[PDB]
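Notes for the one structure printed next.
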Amino acid sequence: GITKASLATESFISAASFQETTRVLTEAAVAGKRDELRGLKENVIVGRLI
Amino acid sequence: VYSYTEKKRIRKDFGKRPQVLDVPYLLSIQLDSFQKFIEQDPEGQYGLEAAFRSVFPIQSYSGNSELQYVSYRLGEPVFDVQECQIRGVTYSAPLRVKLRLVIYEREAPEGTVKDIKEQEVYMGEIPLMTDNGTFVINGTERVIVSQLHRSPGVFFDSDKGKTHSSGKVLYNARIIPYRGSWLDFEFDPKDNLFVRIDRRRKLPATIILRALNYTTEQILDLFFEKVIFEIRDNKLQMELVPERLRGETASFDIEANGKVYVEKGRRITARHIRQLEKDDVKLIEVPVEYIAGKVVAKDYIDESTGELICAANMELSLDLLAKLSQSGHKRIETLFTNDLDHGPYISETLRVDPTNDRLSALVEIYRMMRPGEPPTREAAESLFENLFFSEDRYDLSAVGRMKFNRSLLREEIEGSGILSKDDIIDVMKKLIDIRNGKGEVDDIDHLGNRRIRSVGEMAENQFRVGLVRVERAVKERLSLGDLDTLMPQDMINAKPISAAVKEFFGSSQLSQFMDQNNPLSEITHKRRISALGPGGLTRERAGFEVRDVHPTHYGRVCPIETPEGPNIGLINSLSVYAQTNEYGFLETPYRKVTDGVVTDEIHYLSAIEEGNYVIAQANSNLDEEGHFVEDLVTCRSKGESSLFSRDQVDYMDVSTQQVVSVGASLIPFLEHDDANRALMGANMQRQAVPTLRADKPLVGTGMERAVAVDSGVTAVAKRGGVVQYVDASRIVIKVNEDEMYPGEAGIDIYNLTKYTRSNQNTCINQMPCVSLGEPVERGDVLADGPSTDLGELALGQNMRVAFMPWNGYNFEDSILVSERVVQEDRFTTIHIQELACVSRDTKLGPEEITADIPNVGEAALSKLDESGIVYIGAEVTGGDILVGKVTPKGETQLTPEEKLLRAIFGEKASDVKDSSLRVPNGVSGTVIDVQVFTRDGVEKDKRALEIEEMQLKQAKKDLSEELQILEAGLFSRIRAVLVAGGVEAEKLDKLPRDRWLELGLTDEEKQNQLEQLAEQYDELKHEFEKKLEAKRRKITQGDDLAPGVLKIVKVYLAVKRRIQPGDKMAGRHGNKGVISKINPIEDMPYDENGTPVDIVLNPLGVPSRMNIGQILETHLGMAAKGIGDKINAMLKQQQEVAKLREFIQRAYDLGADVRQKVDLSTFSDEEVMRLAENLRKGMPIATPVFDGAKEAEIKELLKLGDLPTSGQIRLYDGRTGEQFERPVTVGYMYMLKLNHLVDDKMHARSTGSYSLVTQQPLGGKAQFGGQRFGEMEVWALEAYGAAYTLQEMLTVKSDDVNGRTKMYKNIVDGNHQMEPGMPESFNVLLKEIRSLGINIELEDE
Amino acid sequence: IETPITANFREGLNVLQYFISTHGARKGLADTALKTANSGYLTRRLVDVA
Amino acid sequence: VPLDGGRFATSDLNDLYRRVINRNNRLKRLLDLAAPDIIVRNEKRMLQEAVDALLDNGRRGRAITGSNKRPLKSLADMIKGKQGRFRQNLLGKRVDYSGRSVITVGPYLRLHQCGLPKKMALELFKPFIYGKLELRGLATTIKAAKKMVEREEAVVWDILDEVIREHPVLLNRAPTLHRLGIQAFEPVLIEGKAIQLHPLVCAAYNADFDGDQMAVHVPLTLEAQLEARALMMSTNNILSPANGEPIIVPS
Amino acid sequence: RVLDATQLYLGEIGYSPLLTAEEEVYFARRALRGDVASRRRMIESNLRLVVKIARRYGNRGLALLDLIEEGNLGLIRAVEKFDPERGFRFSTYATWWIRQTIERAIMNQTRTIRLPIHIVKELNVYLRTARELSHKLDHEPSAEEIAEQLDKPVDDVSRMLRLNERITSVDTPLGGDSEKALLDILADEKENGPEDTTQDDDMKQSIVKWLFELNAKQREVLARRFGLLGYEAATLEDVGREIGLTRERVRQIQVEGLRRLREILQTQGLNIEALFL
RNA sequence: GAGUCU
DNA sequence: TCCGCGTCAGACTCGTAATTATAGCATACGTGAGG
DNA sequence: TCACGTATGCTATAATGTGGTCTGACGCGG
Ligand SMILES: [Mg+2]
Ligand SMILES: [Mg+2]
């Protein structure tokens, strides 16, 4: 489904910006995940070139 | 037939339904509700009286001392409305209440007569309601909206298939008090009954019964029937009620004294039932196997041993039937529990019930609501008694008890606020009846279950919370306090009661800003019902069922009136003839039909009562005080319409207009408009700014005059007579002897409210609409308001409109207006605007208001005076200083470059900087007024001194005129009394009048009159002085301001904004539009006659919209002007008074069978020519809501003005001169200038202020803010590919602090370079996540 | 609704015909206010996944 | 920070930090006092409550309310959901060089054009005017150029006219449902205060003139001028990206 | 079970030994002498008193469990300084400490900007005056009605009433459900915006070039005095430390630099143009 | 909290 | 099967600024100026 | 070593377990 495929993305900044912010951040914090800023959302956030 | 102000201009009415009930006062609910809250009721407690009786007398914890309420009084307000609106203070009255400290002796049982102390104590100032239904809070007229909430009582409800998966309709009950805990009874999937208090946890329903002392045995003998089982010799027998074997299969061979009625496996139909009942069958022999499964009702102990053979509520079997027969029991009682009819619910509930007796239930009930706390017999018993069974913590109120009893089918209507044992059980009984089959749930949306709760009741509620806040401090200080020293006021605090009522008249959702940009907005806003607020719905909690229109609304609430907001079914305007029931439900008038004849006796049927009767509709033709002419009459009953016979008719709708609201009643031809557009039209009619010249509507309904007068904005004659003095400022009318009171002079004064500000910064002026020394009837309009004309409501202007496209300047309802409308300044609006200048106190020092300001050109200081305040009348534009304010500043660190530049010119900044009040950027008008509020003890400006001189001398000439006109009017009567007795006319008037009051007559009834007139003269003489002192005191008095504030100067500007492209206009059928271009007069279309069109509308804005009323309005408006233009021609020609009489007579009696009938033989010559003078602009016509004019009547009227049937004329292009290919619809549509004006809407920003944390631009033109670039707008440039455009808007236009200042410099250097960075809002996200205890760091390249 | 409106806007609706018309009027304007947000939430779910 | 009047204002975090520091300092004092454990436990429960309220207020128990009756906004709240930093101050922004007004027809306009009011376009293009005024040698410094523009001198209208030629502007309507909700045009300076929109692009915006308002944005950088003209120009955006059929269709 | 903090502490203090007359004196005898067991079972036992005193002192500043904590701290100082030698009871003596410790700690924490003891007790004088003035002047008392009752300065009554004004929070909405709050309106005046930022870059980059323009000894003496080019803003007399070493010649040359620069601003187009600024 | 465009 | 938690379109305009209650005085504690 | 604002200290009748809203929905886990 849409809502799950969006959250399954490896970019946690894409996931915490969609929904479920409280959960995304904690599961990413415990796995020590690193978002390498792949998609558009991520660069829109950091204020970079798409 | 018609009065003097009606004689000036009669509306031709196309009505045909004679109005048996006239339109009532439209502002009734605001005045009557609050009037209850203040009127000191003697016994039948209401408002403040009820509040005191409820809470007092309050007694101490020792029980030795108590306070008792005696009586309360309202003091006259400190400032009247006039002075409250000015200073900015609440219009409120001192509340002075007598309270008595009664002390008992602790040695004597109740030694009652010990100390009876007494004082009248201050507690708070309650806001008073104005004459017009408003509260002036901090100098703003505010309205408290009536609320619509769920009525208290019992209400049965059911989740259908929301509860559970199977879709078991779980039936439920709710006992809803006015104060106190809720009581819920509800089923479960398995059909066990359950009880929950305040929607807490589920408890078995038999638990509240045990708590009310009900034994297992009593509980079964409330709900279940009895079946007696007789054991005779050996054979088992059963007592039959033949009706009980009903629609059931015979389980054994039913055989009586000697007849087999039903065999095994055979259905017992209605015939088998009447067979047994006719044969009168009482005992039947049955098998032993049949009781196996039956539930024994009572306890059966062994006579022999004395122990339980079987407990009450336990299923018998053959071995239990053996033990019972042998023990010595041959007559067993048993529960009668059918599977479809009489359901075994309580029975299965008792086995789920873990509790045993009364005390076990009370513990379990205590353990739910106070969990964790160890119970005691004191705590368990006390809690349950203080829930539903205490005078204190529980009250259904009169409405609650009444609706409660009427639901349970009771005889008694009034009764106790507390729940009785009977009440709780009766409710459980009815809940089970509903589950069984007889009984249905009540629906909530029914207005019989929706109660109306206006201001007074909600003000009473808050006032009670005030007294309850004090109850704590009374009980506290009574115990601690010495009894001897203590007076009652040392225990009372005034601040909690003041604060709780101020919370309601201030913070509350229902107290809000009066929408007064229009008389109709005032009156329809005061007639408003919101189901939002405390004790009501929320948007979060609002389904669609509450929102939608309900059968019951009919005649109570208007279905065509509600915002198209998120609040779409929640807020509702009240219908025209609608009223609040004595209890609070809604009701509508109805003409009773007795013997089939329609009686003029009217009955206001409540939502409940309406459903019984059959009500004929208003469309049905009466035989003019005979009966219904048609054998079949269309009527409506039990929420539906069908045709009926005439003897079956019970009632009829009173008026044609009753289903509609005040807003919608003013829409002409509403009958031909789609509901959807009609809604917007009535909503926009409220937004219509009143223009410079109040123009009447040519195509009205007739309600215009009811609205304009009831709105309060028009000055009306309290008593009729001759006008003694007429003036722009005021009107003085001398009254006729018959109405005039015998004491006073009998001269009314109306000082008309003059060009004054509204809440929407629009204009309010009252112009005198009667001439010098004119005869006036009581209740006629003496002066017109902002949006009113000869008493009728005038929201906008009517004009020549042609329906035809034009080079796409009327593209999508875009509007093309002639320069001539803008030239006439007729849609030009006045905007009075209030800007304040405050001298405060900073750390560094107090702020000055002088013309001496650092860093200022002579252009700014030119319009200011010596004190530093602008002259009255001075035109000002954005930048110009209105009030010169200067502020202290520390000796700030001057940067060396600044120090050089200050040393270059010499003019170095002083310690005091600057903060002068200057005209807002771009706005501009003329100063009409300045008001100065200085604090008591701060140094006054010389300007302020001029204003005190102006106010004083004006006050002195004002009260001089009061005593002068009143004395002259008073001796005018004495002179007439003196002639009736001792007639010396000419000789008595020669020497001075000052020695007229000594002169008397012989002692008659007329001598007694001379005495009252002479005593009253001195009363006014002595009152003149104490009045002058009050004005002079209030003018010398320092105005007490907010903390830190030394003085405030309020400047009033007057902007005169004329119409331009962007201004929003509309008609009254929801036909919106924006001016696109003002076409010159030379270019506009013109008919063969040569007369240019005012507005060119798009015909394609009609068929989609389905609002045909605008076209009927146009055709009739044309016909009406056609009559005006004929009378205008006859008055210019100067033909004959008899000729004007004939033509106007044929016009007023043109309709097929018109309601109104104007004979012109009654009108004198002078009266006719005043009328013709007003009809020449066009004969105003009235089209009642559903009783409107038909096509035929309109076409007939068109022939009277020598205009085409078609209402389409040959127009010619103004540019070219050649004809348009086809006839074009032209006529007069009453249009309206909406408050959405483009001067306010247009906004622009390059660079500005930034927010504190986010460091992003501000929001709104109020703050001069940038535009919101949302994720919606982000996805658009994402989708295109333009990533630079987006990055621009994400960095250098937004947060990037280096980016924004750097980029501004790039662009002034010419270089359009992207030198970006990272948003500060991300930097914030980092620290906000790190403060959560989450390491978020930037792992780099 | 089992009873439809026989009349048209040229002829004019009577008191009841209008009252019946308002049921449908309000429910339409109601969806313009409320149900738009179930629809706009679909836009948002779709964008976050793609 | 100080409200203009003497009143001050503070965040809800300061109020939650204070509860935490008070209870932590008191706990240190009660450990110093070697008080019974019953007292120490109450203080440790209250410390857990204040920390839990600081981080996420309404999650563990009923949220701690302040003066207003509403609960104090916690840290978690400034991160999470709609009014959180993400959805409101980061995946979307307030923007410099922007305005709006009520739109009205321009049936004379060409499909690459839109009416832009005088005074709107003047405030919009301020930095480019200060830049032209220094180039032509009319103003010495920016403060001098600021006053020339504020007085609305005759020379300034001529230079404004110069900047705007061949310098496109972005026009946006709510709601922005699809990309065509924003289109670029060549600005035409007009006399009134109302935006003039080309009738044929009205279908993409779903814009009727019964009082719609449209947002104005200046593409400042040259990249943005080229992106506006090459991608987002009205004349380049004719077919619908949803369906290969023209949205630009007479009605 | 009960997982709430309040009703759990209340369960604990419940099963606590309620002390009698010489039971208090028996333990407090060894408490002042110094006993492990006495301090605890005196304090443990008398927690039930603290709750009742704190229950009445509520809805004023802190919640409830806060008043109990500071109340328990007053009960401990009651036990340290109790005198069993005196015949008078403990519940009498401890009621003075628990009412006191709560009153005096509430004054400090209830207020966001820390309000001190003098100013608060000053204020309570004015507040209780107001309630008595109010019953007889119906309307609330003015700051001059309060100042003139005590015959004390109107400034001093205004000063203290001004400190009573409560603090509104930034996250408080003006809208309602969810529109905008006060951060969404309030500007950061400390960070100047691009227009204000670039103006002092342009004012001061204009001046860096006007320095190279005037004579070599005139732009030396003028710049280093105001602290434009030098390190420290010196005076006419202090320019003598560098190379000037004059008092008359420094003052003639400072003003000579400014007079040539005044005509540079008359010709470039400022002078009276930039006088309003 | 009352509105404006969808 | 029930309880808990998580979602619920997009911009704009306006509008206002609320309340309570803490006793009273005596020695101690810190910084700043004057002899 | 005072002056001044700020803080700490102690009061002995007895007194000893606390007290605002009541209505969403449709989905998806544990
Ligand atoms: Mg449209
Ligand atoms: Mg529109």
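By order in the structure tokens, chains are A, B, ...; within a chain, residues start at 1; ligands start at 1, following the order shown.
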
As a quick test: using only C-alpha atoms (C1' of nucleotides) and all ligand atoms, which residues lie no more than 7 Å away from ligand 2? Give them as a PDB file with N, CA, C and O atoms (P, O5', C5', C4', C3', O3' and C1' of nucleotides), in the first residue's frame.
```pdb
ATOM      1  N   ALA D 207      -9.782  29.145 -12.263  1.00  0.00           N
ATOM      2  CA  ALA D 207      -9.996  30.509 -11.734  1.00  0.00           C
ATOM      3  C   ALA D 207     -11.193  31.184 -12.393  1.00  0.00           C
ATOM      4  O   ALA D 207     -11.081  31.500 -13.594  1.00  0.00           O
ATOM      5  N   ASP D 208     -12.266  31.440 -11.641  1.00  0.00           N
ATOM      6  CA  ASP D 208     -13.336  32.330 -12.162  1.00  0.00           C
ATOM      7  C   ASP D 208     -13.072  33.718 -11.590  1.00  0.00           C
ATOM      8  O   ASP D 208     -12.487  33.780 -10.509  1.00  0.00           O
ATOM      9  N   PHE D 209     -13.516  34.769 -12.269  1.00  0.00           N
ATOM     10  CA  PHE D 209     -13.483  36.150 -11.718  1.00  0.00           C
ATOM     11  C   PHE D 209     -14.822  36.446 -11.018  1.00  0.00           C
ATOM     12  O   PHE D 209     -15.701  37.139 -11.579  1.00  0.00           O
ATOM     13  N   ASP D 210     -14.959  35.921  -9.806  1.00  0.00           N
ATOM     14  CA  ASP D 210     -16.068  36.275  -8.891  1.00  0.00           C
ATOM     15  C   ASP D 210     -15.387  36.575  -7.556  1.00  0.00           C
ATOM     16  O   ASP D 210     -16.052  36.500  -6.513  1.00  0.00           O
ATOM     17  N   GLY D 211     -14.086  36.880  -7.635  1.00  0.00           N
ATOM     18  CA  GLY D 211     -13.281  37.373  -6.502  1.00  0.00           C
ATOM     19  C   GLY D 211     -12.216  36.381  -6.089  1.00  0.00           C
ATOM     20  O   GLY D 211     -12.040  36.157  -4.884  1.00  0.00           O
ATOM     21  N   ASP D 212     -11.562  35.774  -7.074  1.00  0.00           N
ATOM     22  CA  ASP D 212     -10.429  34.863  -6.780  1.00  0.00           C
ATOM     23  C   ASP D 212      -9.203  35.735  -6.508  1.00  0.00           C
ATOM     24  O   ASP D 212      -9.196  36.896  -6.916  1.00  0.00           O
TER      25      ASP D 212
ATOM     26  P     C F   5     -16.177  33.436  -2.168  1.00  0.00           P
ATOM     27  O5'   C F   5     -14.754  33.157  -2.837  1.00  0.00           O
ATOM     28  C5'   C F   5     -14.638  32.810  -4.231  1.00  0.00           C
ATOM     29  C4'   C F   5     -13.288  32.195  -4.530  1.00  0.00           C
ATOM     30  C3'   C F   5     -13.305  30.718  -4.909  1.00  0.00           C
ATOM     31  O3'   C F   5     -13.750  30.501  -6.252  1.00  0.00           O
ATOM     32  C1'   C F   5     -11.594  31.109  -3.315  1.00  0.00           C
ATOM     33  P     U F   6     -15.195  29.806  -6.546  1.00  0.00           P
ATOM     34  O5'   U F   6     -15.143  28.467  -5.694  1.00  0.00           O
ATOM     35  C5'   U F   6     -14.912  27.179  -6.305  1.00  0.00           C
ATOM     36  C4'   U F   6     -13.435  26.835  -6.313  1.00  0.00           C
ATOM     37  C3'   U F   6     -13.092  25.374  -6.044  1.00  0.00           C
ATOM     38  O3'   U F   6     -13.302  24.502  -7.150  1.00  0.00           O
ATOM     39  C1'   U F   6     -11.749  26.724  -4.667  1.00  0.00           C
TER      40        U F   6
END
```

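What chain E places within 7 Å of chain H, counting only C-alpha atoms (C1' of nucleotides), is residues 10, 14, 18, 46, 48, 49, 88, 89, 91, 92, 93 and 96 of chain E.
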
Would you save the residues from that selection as a PDB file, in the first residue's frame, using N, CA and C atoms?
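So the final result, stored in result_16.pdb, reads:
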```
ATOM      1  N   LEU E  10      -0.391   8.568  48.208  1.00  0.00           N
ATOM      2  CA  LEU E  10      -1.505   8.661  49.192  1.00  0.00           C
ATOM      3  C   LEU E  10      -1.770   7.287  49.823  1.00  0.00           C
ATOM      4  N   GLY E  14      -0.922   6.518  53.946  1.00  0.00           N
ATOM      5  CA  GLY E  14      -2.142   6.046  54.632  1.00  0.00           C
ATOM      6  C   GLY E  14      -1.821   5.105  55.781  1.00  0.00           C
ATOM      7  N   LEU E  18      -0.538   7.029  63.369  1.00  0.00           N
ATOM      8  CA  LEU E  18      -0.963   8.378  63.838  1.00  0.00           C
ATOM      9  C   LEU E  18      -0.565   8.543  65.312  1.00  0.00           C
ATOM     10  N   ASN E  46       3.602  11.998  60.277  1.00  0.00           N
ATOM     11  CA  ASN E  46       2.966  13.343  60.188  1.00  0.00           C
ATOM     12  C   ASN E  46       2.888  13.828  58.724  1.00  0.00           C
ATOM     13  N   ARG E  48       0.457  13.029  56.837  1.00  0.00           N
ATOM     14  CA  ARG E  48      -1.015  13.064  56.671  1.00  0.00           C
ATOM     15  C   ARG E  48      -1.505  14.493  56.934  1.00  0.00           C
ATOM     16  N   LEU E  49      -0.800  15.216  57.810  1.00  0.00           N
ATOM     17  CA  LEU E  49      -1.074  16.650  58.094  1.00  0.00           C
ATOM     18  C   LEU E  49      -0.678  17.489  56.873  1.00  0.00           C
ATOM     19  N   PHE E  88       3.552  22.137  74.958  1.00  0.00           N
ATOM     20  CA  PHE E  88       2.644  22.396  73.811  1.00  0.00           C
ATOM     21  C   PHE E  88       2.871  21.305  72.759  1.00  0.00           C
ATOM     22  N   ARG E  89       1.875  21.093  71.895  1.00  0.00           N
ATOM     23  CA  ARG E  89       1.814  19.921  70.975  1.00  0.00           C
ATOM     24  C   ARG E  89       2.648  20.174  69.705  1.00  0.00           C
ATOM     25  N   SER E  91       1.534  19.177  66.357  1.00  0.00           N
ATOM     26  CA  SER E  91       0.582  19.503  65.258  1.00  0.00           C
ATOM     27  C   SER E  91       0.321  21.012  65.230  1.00  0.00           C
ATOM     28  N   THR E  92       0.361  21.650  66.403  1.00  0.00           N
ATOM     29  CA  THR E  92       0.266  23.128  66.535  1.00  0.00           C
ATOM     30  C   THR E  92       1.485  23.774  65.874  1.00  0.00           C
ATOM     31  N   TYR E  93       2.678  23.285  66.225  1.00  0.00           N
ATOM     32  CA  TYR E  93       3.973  23.907  65.851  1.00  0.00           C
ATOM     33  C   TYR E  93       4.278  23.668  64.372  1.00  0.00           C
ATOM     34  N   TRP E  96       2.565  25.745  61.530  1.00  0.00           N
ATOM     35  CA  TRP E  96       3.232  27.045  61.246  1.00  0.00           C
ATOM     36  C   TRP E  96       4.260  26.852  60.119  1.00  0.00           C
TER      37      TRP E  96
END
```

Find the nearest atom pair between each residue of chain B and chain H for residues within 9 Å, count only C-alpha atoms (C1' of nucleotides), give distances in Å to one decimal, sort rows by chain and ascending number, and present the table as a Markdown table.
```
| residue | atom | partner | partner_atom | distance |
| --- | --- | --- | --- | --- |
| B:181 | CA | H:22 | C1' | 7.8 |
| B:182 | CA | H:22 | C1' | 7.2 |
| B:198 | CA | H:22 | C1' | 5.6 |
| B:199 | CA | H:22 | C1' | 7.1 |
| B:373 | CA | H:17 | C1' | 8.7 |
| B:537 | CA | H:23 | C1' | 8.1 |
| B:540 | CA | H:24 | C1' | 6.8 |
| B:541 | CA | H:24 | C1' | 5.5 |
| B:542 | CA | H:24 | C1' | 7.7 |
| B:543 | CA | H:24 | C1' | 7.7 |
```

Kindly export the residues of the current selection with C-alpha atoms, as a PDB file, in the first residue's frame.
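What follows is the written file result-v7.pdb:
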```pdb
ATOM      1  CA  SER B 181     -23.435  12.650  36.414  1.00  0.00           C
ATOM      2  CA  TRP B 182     -24.742  10.846  33.343  1.00  0.00           C
ATOM      3  CA  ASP B 198     -20.069   9.296  33.201  1.00  0.00           C
ATOM      4  CA  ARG B 199     -19.234   6.740  30.457  1.00  0.00           C
ATOM      5  CA  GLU B 373      -9.022   3.879  47.369  1.00  0.00           C
ATOM      6  CA  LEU B 537     -20.822  20.046  19.345  1.00  0.00           C
ATOM      7  CA  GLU B 540     -14.226  17.304  15.383  1.00  0.00           C
ATOM      8  CA  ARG B 541     -17.434  15.695  16.788  1.00  0.00           C
ATOM      9  CA  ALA B 542     -19.846  16.820  14.042  1.00  0.00           C
ATOM     10  CA  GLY B 543     -21.152  14.071  11.732  1.00  0.00           C
TER      11      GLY B 543
END
```

Under the rule of at most 9 Å, produce a per-residue listing of chain G near chain D: chain, number, name, the closest pair of atoms, and the distance in Å, as CSV, using only C-alpha atoms (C1' of nucleotides).
```
residue,atom,partner,partner_atom,distance
G:9,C1',D:175,CA,8.2
G:10,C1',D:175,CA,4.5
G:11,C1',D:174,CA,5.0
G:12,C1',D:213,CA,8.0
```

Can you list, as a tab-separated table (two decimals) with N, CA and C atoms, in the first residue's frame, every protein, DNA or RNA residue that comes within 7 Å of segment 9-18 of chain A when you count only C-alpha atoms (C1' of nucleotides), leaving out same-chain residues fewer than 6 positions away?
```tsv
chain	number	residue	atom	x	y	z
A	24	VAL	N	9.05	7.04	13.44
A	24	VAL	CA	10.12	6.96	12.41
A	24	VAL	C	11.46	7.29	13.06
A	25	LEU	N	11.52	8.44	13.75
A	25	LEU	CA	12.76	8.98	14.36
A	25	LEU	C	13.35	7.98	15.36
A	28	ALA	N	14.73	4.83	13.58
A	28	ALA	CA	15.96	5.20	12.83
A	28	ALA	C	17.11	5.45	13.82
A	35	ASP	N	20.74	8.70	6.42
A	35	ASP	CA	20.03	9.08	5.18
A	35	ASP	C	21.00	9.86	4.29
A	37	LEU	N	20.36	11.40	1.58
A	37	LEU	CA	19.64	12.44	0.79
A	37	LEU	C	19.59	12.03	-0.68
A	41	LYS	N	12.17	15.28	-1.66
A	41	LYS	CA	11.83	15.69	-0.27
A	41	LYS	C	13.10	16.06	0.50
A	42	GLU	N	14.09	15.19	0.45
A	42	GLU	CA	15.30	15.37	1.29
A	42	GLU	C	16.00	16.67	0.90
C	48	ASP	N	3.81	11.23	-1.85
C	48	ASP	CA	4.90	10.84	-0.92
C	48	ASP	C	5.49	9.51	-1.39
D	86	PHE	N	8.66	20.15	9.97
D	86	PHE	CA	8.75	19.44	8.68
D	86	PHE	C	7.68	19.97	7.73
D	87	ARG	N	6.43	19.87	8.15
D	87	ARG	CA	5.36	20.08	7.15
D	87	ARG	C	5.18	21.59	6.95
```

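The two atoms in question, atom CA of residue 252 of chain B and atom CA of residue 236 of chain B, are spaced 12.7 Å apart.
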
Among segment 133-246 of chain E, which ones does DSSP place in helix (DSSP H, G or I), written as a count of residues only?
57

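Within segment 888-993 of chain B, DSSP run on the backbone puts these residues in strand (DSSP E or B): residues 888, 912, 917, 918, 924, 925, 926, 927, 928, 929, 930, 931, 932, 933 and 934 of chain B.
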
Quick one: which residues from chain E are at most 7 Å off chain G, using only C-alpha atoms (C1' of nucleotides), as a list in words?
residues 60, 103 and 107 of chain E

Restrict the selected residues to N, CA and C atoms and save them as a compact mmCIF listing (two decimals), in the first residue's frame.
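The new file out_29.txt reads:
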```txt
# COMPACT_ATOMS: atom_id res chain seq x y z
N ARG E 60 -3.18 27.96 42.60
CA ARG E 60 -2.66 29.31 42.92
C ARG E 60 -1.32 29.53 42.21
N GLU E 103 3.81 28.66 51.31
CA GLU E 103 3.60 30.10 51.01
C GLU E 103 4.89 30.68 50.42
N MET E 107 5.94 31.73 46.10
CA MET E 107 6.15 33.13 45.67
C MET E 107 7.20 33.18 44.56
```

All residues 8 Å or closer to segment 561-571 of chain B, only C-alpha atoms (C1' of nucleotides), same chain fewer than 4 positions away omitted, as JSON, numbers by chain:
{"B": [528, 529, 530, 531, 532, 539, 546, 547, 548, 549, 661, 663, 664, 679, 682, 683], "C": [26, 29, 30, 33, 34]}

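Atom to atom, atom CA of residue 935 of chain B and atom CA of residue 920 of chain B stand 26.5 Å apart.
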
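Contacts from chain D to chain A at a cut-off of 10 Å (only C-alpha atoms) map to residues 56, 76, 77, 79, 80, 81, 82, 84, 85, 86, 87, 89, 90, 91 and 92 of chain D.
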
Rank C:32, C:21, C:8, C:14 by their smallest atom-to-atom distance to chain F, using only C-alpha atoms (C1' of nucleotides), and report the top residue only.
C:32

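Among E:177, E:140, E:273, E:156, the residue with the shortest atom-to-atom distance to chain F, counting only C-alpha atoms (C1' of nucleotides), is E:177.
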
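Atom CA of residue 1282 of chain B is found 5.7 Å from atom CA of residue 227 of chain D.
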
Do you have, as JSON lines, the list of residues of chain B lying at most 10 Å from ligand 1, each with its nearest atom pair and that distance in Å to one decimal, counting only C-alpha atoms and all ligand atoms and ordered by chain then number?
```
{"residue": "B:812", "atom": "CA", "partner": "ligand 1", "partner_atom_place_in_ligand_line": "1 (Mg)", "distance": 7.0}
{"residue": "B:813", "atom": "CA", "partner": "ligand 1", "partner_atom_place_in_ligand_line": "1 (Mg)", "distance": 8.9}
{"residue": "B:1101", "atom": "CA", "partner": "ligand 1", "partner_atom_place_in_ligand_line": "1 (Mg)", "distance": 9.8}
{"residue": "B:1104", "atom": "CA", "partner": "ligand 1", "partner_atom_place_in_ligand_line": "1 (Mg)", "distance": 9.9}
```
